[PDB]
Amino acid sequence: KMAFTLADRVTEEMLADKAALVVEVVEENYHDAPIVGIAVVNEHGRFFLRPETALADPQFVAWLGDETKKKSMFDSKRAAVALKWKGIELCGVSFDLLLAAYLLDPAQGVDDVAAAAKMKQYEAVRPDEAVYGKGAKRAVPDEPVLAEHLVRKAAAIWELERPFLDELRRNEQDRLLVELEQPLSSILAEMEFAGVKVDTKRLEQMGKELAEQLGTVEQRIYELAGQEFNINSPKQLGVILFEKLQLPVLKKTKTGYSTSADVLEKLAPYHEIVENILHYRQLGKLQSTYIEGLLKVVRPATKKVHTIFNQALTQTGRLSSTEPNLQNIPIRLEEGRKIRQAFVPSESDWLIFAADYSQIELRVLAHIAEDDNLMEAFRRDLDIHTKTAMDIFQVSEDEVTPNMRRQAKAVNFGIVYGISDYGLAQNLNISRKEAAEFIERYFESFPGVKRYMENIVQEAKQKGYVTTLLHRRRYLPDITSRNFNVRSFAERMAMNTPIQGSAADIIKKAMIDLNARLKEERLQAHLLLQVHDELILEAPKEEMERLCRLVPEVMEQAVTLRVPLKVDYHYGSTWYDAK
DNA sequence: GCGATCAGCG
DNA sequence: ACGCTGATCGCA
Ligand SMILES: [Ca+2]
């Protein structure tokens, strides 16, 4: 029903200087995954190629890697990384429909060509789930069915580039796509393909030691409970805590008693068992998620883990990281932090280098709100999280522990992003009228932040959306909801999204500038990870001193704000040591 | 599959 | 009744 050439060889007219290109990888995780078919649409026609013939053809491989042969694609990072696993370099991607759709409206959740095409009333292509099926029924269809589906996706991309670019231009987002998100896509592909090497001998030794400690704490829990039970059974855990031991019920879930860590900490003065339960869950979390879960995804021949950075998922412009998530590796408790010792350079005599922005969202907020006092604080390089801890806990700077600073950090962000006196009281275990009075004092010191919070909510009501410094956008229809609780969630999104999203814009530009500078200096150093406002690299020992000057400067200069940007950095033998 | 929980980033 | 996430687990 759509005409195309089912090609048995590669011809010259398939290699035009502009084409829509589909390199189809059906498995969710595209690392080392099969490429099941290829479609090309250009001015000369529509073509389907079997991967075994296209990817062994020297003219087609050359065409893929020629940056002056421009390709329009959907999710070009998936294709670029699967091709790297095939030893083939993909260059010249000038349009990525997934990223164009994400910028126009992140809430659409566009996950396939069909969902993006729907945004422009284009429906001559089927959803990928309709073709491959769901779950245990998932399968690559017959070649005639596969070919038409890939050709239809390519024709869709071919037709949709111009109307997507037109709307991007109207939103002031076309340079955001072409100069930020698409260059970042190629850098992430490199980072994902490089992977991070893991010390599996160390990891497995930790897991065995961990398993002994688990049973020890597990027995003490049974003994404190006077009986054995399933510690992870909420119904049995509830019967022990709030029925047998008759502890007060501070919180319910839609399902029953709450047993979250905040509740259990509040119950610590009543019974020693609740702290054993906390230690027990923490150890179990390390065992299940960060020992066993990480060993499951280590590629055995290289001892590398290859995360996937989802670039078109979060509503603020942040990345996310999956299978494994390398953005939530433990750090705060020393027991969990030790897991970072298992993350090691990929070559001997290389080192890990980590650099992160200091108080990034407060500096962005100072700039966007133009609050005189907050701008002055960062022009003085004050540590606002420490200064808030001193105030909260009535201590001196010398006496601020890491824990108090982490707590004050949640107070600072909580307040600027709309925490109530109730939530602040519960978080600080202070009274409610003291919490409300502290919030009032905070906005007396930063009235420009308060004005900003009021203004941004008004602007969202008028426009229907909020934007970031580099013109990312988030629609907030609920901001005019008549339901108070729904409207209130939307208002906090209007306060938070421009700040968190601008911080995401800045680190992304920093990554692009860093990569260009590393190439200009002919360094072997390369990016491994981004963790929202932190960049993690590895490099030969011999490059560390140049990187100590290069990386902070590139990061601090990524944008020019009304206050300085500040970067902290460390390096060491393992990720653990790069702090 | 979903909700609670908890690991991270601000 | 601050925001943005992903993985594991029990299932009230
Ligand atoms: Ca930081």
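Letters go in sequence order (proteins before strands), and every chain restarts at 1.
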- prompt: Which word best sums up how the rings of A:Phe229 and A:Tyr222 line up, parallel for under 30°, tilted for 30 to 60°, or perpendicular for over 60°?
  reply: perpendicular
Ion pair present between [X] and [Y], side-chain N to carboxylate O less than 4.0 angstrom?
X: A:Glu272; Y: A:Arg220; result: yes
X: A:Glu376; Y: A:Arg380; result: yes
X: A:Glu192; Y: A:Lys77; result: yes
X: A:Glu212; Y: A:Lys208; result: no
X: A:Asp381; Y: A:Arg363; result: yes
X: A:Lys508; Y: A:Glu181; result: yes

Quick check on contacts: within [range], what sits under 4.0 Å from DNA chain C by heavy-atom distance?
range: residues 375-390 of chain A; value: none
range: residues 285-297 of chain A; value: A:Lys285, A:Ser288, A:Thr289, A:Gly293
range: residues 231-268 of chain A; value: A:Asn232, A:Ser233, A:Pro234, A:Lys235, A:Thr255, A:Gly256, A:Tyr257

- request: Please round to the nearest 0.5 Å and tell me the distance separating atom CD of A:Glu275 and atom NE2 of A:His279.
  value: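 Result: 11.0 Å between the selected atoms.
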query: Going by atom types alone, do A:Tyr417 and A:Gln500 pair a side-chain donor with an acceptor below 3.5 Å?
result: no
- line: Under the convention that a positive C1'-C2'-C3'-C4' torsion is north and a negative one south, the sugar ring of C:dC2 is north
message: Under the convention that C1'-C2'-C3'-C4' above zero is north and below zero is south, what is the pucker of B:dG8?
response: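 North.
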Atom-to-atom span, [atom1] of [X] to [atom2] of [N] - whole angstrom:
X: A:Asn310; N: B:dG8; atom1: CG; atom2: P; result: 20 Å
X: A:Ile419; N: C:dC4; atom1: CD1; atom2: P; result: 14 Å
X: A:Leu319; N: B:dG8; atom1: CG; atom2: P; result: 19 Å
X: A:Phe309; N: B:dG8; atom1: CZ; atom2: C1'; result: 13 Å
X: A:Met495; N: C:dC4; atom1: CE; atom2: P; result: 13 Å

Below 4.0 angstrom from OP1 or OP2 of [N], is there any side-chain N or O of [X]?
X: A:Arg332; N: B:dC6; answer: no
X: A:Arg281; N: B:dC6; answer: yes
X: A:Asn485; N: C:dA1; answer: yes
X: A:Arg492; N: C:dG3; answer: yes

statement: Under a 4.0 Å heavy-atom cutoff, the residues of residues 353-368 of chain A touching DNA chain B are A:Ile360, A:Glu361
query: For the side chain to side chain donor-acceptor pair (under 3.5 Å) test, which of A:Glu335, A:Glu334, A:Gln341 pairs with A:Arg337?
result: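 Looking at A:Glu335, A:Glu334, A:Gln341, the match for A:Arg337 under the side chain to side chain donor-acceptor pair (under 3.5 Å) is A:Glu334.
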statement: With sequence neighbours left out, the residues meeting side chain to side chain contact (heavy atoms under 4.5 Å, CB included) with A:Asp112 are A:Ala114, A:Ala115, A:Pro127, A:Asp128
task: Examine the base of C:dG3 for any acceptor or donor lying under 3.5 Å from a partner atom in the side chain of A:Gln500, and report the outcome as yes or no.
output: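 A donor-acceptor contact between them is present.
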- request: Using the aromatic ring of A:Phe413 (for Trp, its six-membered ring), decide whether it stacks on the base of B:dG10 within the limits of 5.5 Å and 30°.
  value: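 Yes, A:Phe413 stacks on the base of B:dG10.
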field: A:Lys266 side chain near A:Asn429 side chain, heavy-atom distance below 4.5 Å
entry: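 Yes, close enough: below the 4.5 Å cut-off.
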- line: Of C:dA7, B:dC6, C:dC4, the nucleotide closest to the side chain of A:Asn325 is C:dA7
- request: With the side chain of A:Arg432 defined as its heavy atoms from C-beta on, choose the nearest nucleotide among C:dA1, C:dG3, B:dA7.
  value: C:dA1
Extract all donor-acceptor atom pairs below 3.5 Å that involve side chains of residues 555-572 of chain A and protein atoms in other chains or at least two apart in sequence.
none

- prompt: Stepwise, does the ring-ring contact (aromatic ring centres under 6.0 Å, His included) test hold for A:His385 with A:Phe413?
  reply: CA-CA 10 Å; A:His385 299 319; A:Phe413 293 122; 5.3 Å; yes
field: For A:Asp371 against A:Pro447, the heavy-atom pair lying closest together
entry: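 Closest pair (atom of A:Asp371, atom of A:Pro447, distance): OD2-N, 3.4 Å.
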